[PDB]
Amino acid sequence: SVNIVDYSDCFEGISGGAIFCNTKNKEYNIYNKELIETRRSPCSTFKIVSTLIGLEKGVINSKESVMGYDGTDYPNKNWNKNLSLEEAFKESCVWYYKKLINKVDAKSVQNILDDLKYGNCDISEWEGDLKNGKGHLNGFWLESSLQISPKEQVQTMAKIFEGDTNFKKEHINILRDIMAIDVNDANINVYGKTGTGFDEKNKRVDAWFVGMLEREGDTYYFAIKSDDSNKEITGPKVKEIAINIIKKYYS
Ligand SMILES: *C(=O)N1C[C@H](NOS(=O)(=O)O)CC[C@H]1C(N)=O
Ligand SMILES: NC(=O)[C@@H]1CC[C@@H]2CN1C(=O)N2OS(=O)(=O)O
């Protein structure tokens with residue numbers, strides 16, 4: 001049962017869409033259907049899947065696992081250390097996940113994305129959008145060849161966390177641990193990841209918050225996405241919109 005809904009009051013004037021789906025009672029709530037079906041770069045939301053790839057291939061093993069920091073200077077304080085999987089995920093540390101993915105052969109990544117139906121599954125621009133000048137701080141998942149819609153994000157999240165993939169339960173639980181967020185409401189468990197990019201072609205942001213909500217037996221998989229032309233709209237801003245929607249409509 002697909003319900004078209006109006007969450008515009010929570011977007012406080014920012015252009016975007018939201019989809020919340022409960023796979024038990026098959027209830028899909030959609031705000032801005034056209035946007036929810038449009039494929040865009042996942043940006044840092046891809047760290048959800050990249051974490052599972054690294055765990056499955058043995059590049060990392062636990063939420064403590066390290067990737068061998070080499071001393072490179074970065075402006076984010078917390079990137080300048082041999083950080084663990086759990087801290088790299090929470091700090092959205094690009095060098096950690098770039099080094100992780102570059103230890104995996106392209107055919108393995110292709111087959112996993114194909115199995116997950118991860119959007120267009122297009123990893124052809126492996127090294128990413130090099131024309132932005134950021135060099136090694138780039139990859140196929142960051143405003144580059146790989147694109148996925150908010151609906152497809154929710155479908156992927158649901159397949160993973162309902163246990164319908166071949167990923168190990170141990171590895172799923174590590175991901176659950178590191179994605180948990182504190183929304184100052186103990187009656188719901190929220191998990192998610194932000195992402196931020198700028199679509200230079202269309203001059204619009206790609207700002208994301210993707211994840212899941214558990215509340216008293218029911219689970220909702222969700223994706224909130226802005227395509228606003230205002231460059232101040234970031235992943236963290238869209239997460240704030242997402243939490244307001246959760247608190248108002250899913251409590
Ligand atoms: C991922 O989207 N990115 C890595 C890092 N995290 O940003 S987030 O808070 O939106 O997750 C900085 C920006 C972005 C990128 N383009 O590298
Ligand atoms: N980024 C978060 O996790 C958000 C932002 C602030 C706190 C924790 N959280 C909330 O939902 N908060 O708001 S609060 O309930 O009004 O205190």
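Numbering starts at 1 and runs along the sequence shown. Because only heavy atoms are used, hydrogens play no part in the values below, and waters and symmetry mates are left out as well, while side chains stay in.
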Could you give me the CA-CA distance, side-chain angles and deciding distance for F11 and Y31, then say whether ring pair (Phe, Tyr, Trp, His ring centres under 6.0 Å) is met? CA-CA 11 Å; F11 278 72; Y31 164 55; 5.2 Å; yes
Can you check side-chain contact (heavy atoms from CB on, under 4.5 Å) on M157 and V210, steps first, answer last? CA-CA 8 Å; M157 288 295 102; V210 178; 3.8 Å; yes
Side chain to side chain donor-acceptor pair (under 3.5 Å) assessment of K239 paired with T234: CA-CA 9 Å; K239 166 183 181 179; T234 63; over 6 Å; no
Determine, step by step, whether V205 and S226 satisfy the side-chain contact (heavy atoms from CB on, under 4.5 Å) criterion, reporting the C-alpha distance in whole Å, the side-chain angles of both residues, the deciding distance to 0.1 Å, and the verdict. CA-CA 7 Å; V205 304; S226 167; 4.0 Å; yes
Would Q147 and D122 count as a side-chain contact (heavy atoms from CB on, under 4.5 Å) here? Give the steps. CA-CA 7 Å; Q147 298 205 138; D122 187 342; over 6 Å; no
Check step by step if side-chain contact (heavy atoms from CB on, under 4.5 Å) holds for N102 and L100. CA-CA 6 Å; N102 265 23; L100 182 158; over 6 Å; no
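Atom CD1 of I178 and atom CG of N173 lie 11.5 Å apart (nearest 0.5 Å). Remark: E64 CD to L85 CG distance equals 9.0 Å, nearest 0.5 Å. With values rounded to the nearest 0.5 angstrom, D115 atom CG is found 9.0 Å from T165 atom OG1. Atom CG of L175 and atom CD1 of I160 lie 7.0 Å apart (nearest 0.5 Å). We find the OH-CD1 distance between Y28 and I19 to be 5.5 Å, quoted to the nearest 0.5 Å. Rounded to the nearest 0.5 angstrom, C21 SG and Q155 CD are separated by 7.5 Å.
Checking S108 against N111 by side-chain atom types alone, no donor-acceptor pair falls below 3.5 Å. Side chains of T51 and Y97: a donor-acceptor N/O pair is present below 3.5 angstrom, by distance only. Residues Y96 and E87 have side chains that never bring a donor and an acceptor to within less than 3.5 angstrom of each other. Side-chain atoms of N78 and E91 include a donor-acceptor pair closer than 3.5 Å. Side-chain atoms of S44 and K47 include a donor-acceptor pair closer than 3.5 Å. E162 and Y221 are linked by a side-chain donor-acceptor pair at a separation below 3.5 angstrom, with hydrogens and angles left out of the test. Between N132 and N138, the side chains place a donor N or O and an acceptor N or O closer than 3.5 Å (distance only, hydrogens not considered).
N82 places a side-chain N or O within 3.5 Å of a backbone atom of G68 that can act as its donor or acceptor partner. In this structure, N80 contributes its side chain and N76 its backbone to a donor-acceptor pair below 3.5 Å. Checking side-chain atoms of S1 against main-chain N and O of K26 turns up a donor-acceptor pair under 3.5 Å. In this structure a side-chain-to-backbone donor-acceptor pair under 3.5 Å is present from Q110 to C121. The main-chain N or O of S8 is found under 3.5 Å from a side-chain atom of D6 such that the two form a donor-acceptor pair. Distance alone, capped at 3.5 Å, is enough to place a donor-acceptor pair between the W95 side chain and the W79 backbone. No donor-acceptor pair closer than 3.5 Å links the side chain of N25 to the backbone N or O of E27. At distances below 3.5 Å, not a single donor-acceptor pair connects side-chain atoms of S144 with backbone N or O atoms of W141.
Annotation: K99, atom NZ; neighbour count of heavy atoms from other residues, nucleotides and ligands within 6.0 Å is above 12. Counting non-hydrogen atoms of other residues, nucleotides and ligands closer than 6.0 Å to NZ of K57 gives a total of 12 or fewer. In the displayed structure, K103 atom NZ is contacted under 6.0 Å by at most 12 heavy atoms of other residues, nucleotides or ligands. Around CG of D164, the count of heavy atoms belonging to other residues, nucleotides or ligands within 6.0 Å exceeds 12.
Side-chain contact between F161 and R176 is present, with heavy atoms from C-beta onward closer than 4.5 Å. A 4.5 Å side-chain heavy-atom check between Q153 and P42 finds at least one atom pair inside the cut-off. When side chains are defined from C-beta on, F209 counts as touching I181, because their heavy atoms get closer than 4.5 Å. Side-chain contact check for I30 versus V2: some heavy-atom pair is nearer than 4.5 Å. Side-chain contact between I148 and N120 is absent, with no heavy-atom pair separated by less than 4.5 Å. Using a 4.5 Å heavy-atom cutoff, the side chains of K131 and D129 are in contact. Considering only heavy atoms from C-beta on, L113 comes within 4.5 Å of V49 through its side chain. Taking the side chain as every heavy atom from C-beta outward, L83 and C93 approach each other to under 4.5 Å.
For the pair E12 and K237, the salt-bridge criterion is met [side-chain N within less than 4.0 Å of a carboxylate O]. Taking the charged nitrogens against the carboxylate oxygens, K168 and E56 have no contact shorter than 4.0 Å, which rules out a salt bridge. A salt bridge does not link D199 with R204: every distance from a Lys NZ or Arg NE/NH1/NH2 to an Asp or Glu carboxylate oxygen is 4.0 Å or more.
Smallest separation of non-hydrogen atoms from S145 and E125: OG-N, 3.3 Å. Among all heavy-atom pairs drawn from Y74 and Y69, the shortest one is CE1-CE1, 4.3 Å. The heavy-atom pair separating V183 from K247 by the smallest distance is O-NZ, 2.9 Å. For the residue pair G235 and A207, the shortest heavy atom distance occurs at N-CB, 3.8 Å. In terms of heavy-atom proximity, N61 sits nearest to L55 at C-CD2, 3.7 Å. Here the closest non-hydrogen pair linking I101 and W126 is O-CZ2, 3.6 Å.
A cation-pi geometry, defined here as NZ or CZ lying under 6.0 Å from the six-membered ring centre and within 45° of its normal, holds between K231 and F198. Cation-pi contact between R215 and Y220: absent, since separation from the ring centre below 6.0 Å together with deviation from the ring axis within 45° is not met.
Across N32, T45, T38, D206, a single residue satisfies side chain to side chain donor-acceptor pair (under 3.5 Å) together with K225, and that is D206. Here the rule is side chain to side chain contact (heavy atoms under 4.5 Å, CB included) with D227, and of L35, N202, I14 only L35 fits it. Across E37, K117, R39, a single residue satisfies side chain to side chain contact (heavy atoms under 4.5 Å, CB included) together with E152, and that is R39.
Between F20 and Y7, the two ring planes are perpendicular [angle over 60°; tilted spans 30° to 60°].
Ring to ring, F140 and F46 are close: their centroids are under 6.0 angstrom apart. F222 and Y250 have their aromatic ring centers separated by at least 6.0 angstrom.
Using a 4.5 Å cut-off between side-chain heavy atoms of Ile, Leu, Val, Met, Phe, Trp and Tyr, with links allowed through other members, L137 and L142 fall into the same hydrophobic cluster. Cluster membership for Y249 and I224, using ILVMFWY side-chain heavy atoms within less than 4.5 angstrom, is shared.
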